[PDB]
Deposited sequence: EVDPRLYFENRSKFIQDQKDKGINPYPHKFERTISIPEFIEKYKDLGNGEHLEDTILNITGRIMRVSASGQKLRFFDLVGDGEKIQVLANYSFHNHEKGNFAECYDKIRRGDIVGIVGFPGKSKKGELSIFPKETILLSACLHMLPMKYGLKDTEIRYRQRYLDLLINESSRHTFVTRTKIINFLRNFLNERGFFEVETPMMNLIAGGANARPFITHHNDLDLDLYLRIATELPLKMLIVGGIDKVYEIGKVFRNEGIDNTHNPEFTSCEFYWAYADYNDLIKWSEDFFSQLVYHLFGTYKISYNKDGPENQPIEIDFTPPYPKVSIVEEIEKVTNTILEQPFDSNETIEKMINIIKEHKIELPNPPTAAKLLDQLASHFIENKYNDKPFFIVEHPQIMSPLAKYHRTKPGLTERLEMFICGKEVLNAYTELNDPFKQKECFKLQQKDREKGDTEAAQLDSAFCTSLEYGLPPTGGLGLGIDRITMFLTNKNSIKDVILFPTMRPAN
């Protein structure tokens, strides 16, 4: 035990020595007849101690436990694609002509990738194993690997260690890819049409980069909203894009400078459809992934009791202003940026011991107030926070009966935002910035139909569905300090 991190020294040597002896310890091809998970699937049902000696198979995996037993009989745990089988290497069954048994297995360390030629069977004890007549070294593992339960900050830097050791890690990311596919199939079913828009435009704080043979400073997209709308105008009535978006700001458990987003835009759809949409999409994904609508989620971390979140539609809808009003014994007279009212809000913020932001714009004052009182109204369910004001919501179309508000929604899971959508604004005159892009503004003048449109935070969604407290856990190689 306790190797002095000289394993590398004594492996890097061992490699060169293998080259010196005429051997190639990194051979080009190994023609395999079967993947581990297939192996398990087609031999799960053998009787303890039954060998199929007339079946010669070629298999590959990574060694993960070199157990030894006798001298003329040696074990190994072999893994591939998230699964394990045993190897039982018997001096008796070993094809001697190719090589001396002891010296063909004395070589194999933990981590090594091997290629075995064997027959399938079960041990007396009933462990399903491969039985090698021959074992080739395909790609050595030069370093000592962490033991099971070995894992820190190393997970994120070196994901390949997480994926190799912690059976949950693999699951976590297999779930991410599921979700994304589910959604793509969800949307394509409904007739939507995936496109790609530009990552860099000419205009949240942005990431700014230069194009050398262009002499123009460009900007990494803070979102996918604008071009898609320009495409609705193009006459792609149902259009979406899944993909990375870049926001220069603080990093924390629910914040990464680059993150995956989906936005779809559905011509001829009002706010009500997007609520029907969201309730239908969330529930179905959750049912798809767990067979039940309810799930468990360790909000306060895995050392603390989980909570149960219930995705059965419908979900609640809360009117942001009416709640803050209700909950503060207060009226918030319009317009919100009026003098009288901003003070009334700052008065509230301080008097409930909460952090004032600078600038104190009514838009930001609302958001804070919301994020204190309302956002954690329900953890045990997802719910919507609807009808935000126009001065929070400048692409959101003016609500049709209620003055001052828009027809917008935001779905919240356990305090955090994961969907944001609204009846789009399509009337160029009402766009206060247009009287944004010169290009986008113009399009609106070519005539945007009534449209509803919706945005999802892929990672936060993934986070909840994979019981992670950090967004760093559900991204494969998050951006770390050096």
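Of the deposited sequence, positions 152-153, 206-210, 443-458, 506-507 lack any modelled C-alpha atom.
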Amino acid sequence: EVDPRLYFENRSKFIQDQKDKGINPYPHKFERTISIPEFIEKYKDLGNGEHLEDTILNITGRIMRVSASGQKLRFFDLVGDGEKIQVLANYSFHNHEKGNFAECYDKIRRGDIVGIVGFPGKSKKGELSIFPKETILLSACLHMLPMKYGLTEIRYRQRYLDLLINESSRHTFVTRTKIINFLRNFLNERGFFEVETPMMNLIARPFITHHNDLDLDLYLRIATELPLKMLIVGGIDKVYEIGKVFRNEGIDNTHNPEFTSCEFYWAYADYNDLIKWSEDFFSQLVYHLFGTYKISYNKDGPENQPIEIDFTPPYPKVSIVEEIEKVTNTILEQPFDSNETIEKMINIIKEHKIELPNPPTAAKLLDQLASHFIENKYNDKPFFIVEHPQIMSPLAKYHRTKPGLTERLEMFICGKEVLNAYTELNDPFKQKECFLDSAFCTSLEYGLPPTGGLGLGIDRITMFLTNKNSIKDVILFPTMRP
From here on, numbers count along this sequence of modelled residues.
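Between two forms, the rigid core is the largest collection of C-alphas that superpose within 1.5 Å.
Taking 333-341 and 155-163 in turn, the stretch whose Cα atoms are more displaced from the shown form in 8 other deposited structures of this protein following rigid core superposition is 333-341. Take 322-330 and 391-399, fit the other structures onto the shown form by the rigid core, and average the C-alpha distances in 8 other deposited structures of this protein: the farther stretch is 322-330. Checked against the other entries of this protein, residue 149 counts as unresolved in at least one third of those spanning it. Per-stretch averaging of Cα B factors for 319-327 and 118-126 places 319-327 on top. For the pair 257-265 and 335-343, the mean Cα B-factor is higher in 335-343. You'll see in the entry that, of 81, 162, 134, 215, the Cα B factor peaks at 215. Ranking 244, 94, 299, 178 by the C-alpha B-factor listed in the PDB entry places 299 at the top. For residue 55, the recorded CA B-factor ranks within the middle third of the chain. Only modelled residues enter the ranking. Per-chain ranking of the deposited C-alpha B factor places residue 171 in the lowest third. Among the modelled residues of the chain, residue 438 sits in the highest third by CA temperature factor in this PDB entry. Residue 111 sits in the lowest third of its chain by CA B factor, as recorded in the PDB entry. In this PDB entry, the Cα temperature factor of residue 432 sits in the top third of its chain's modelled residues, the highest group.
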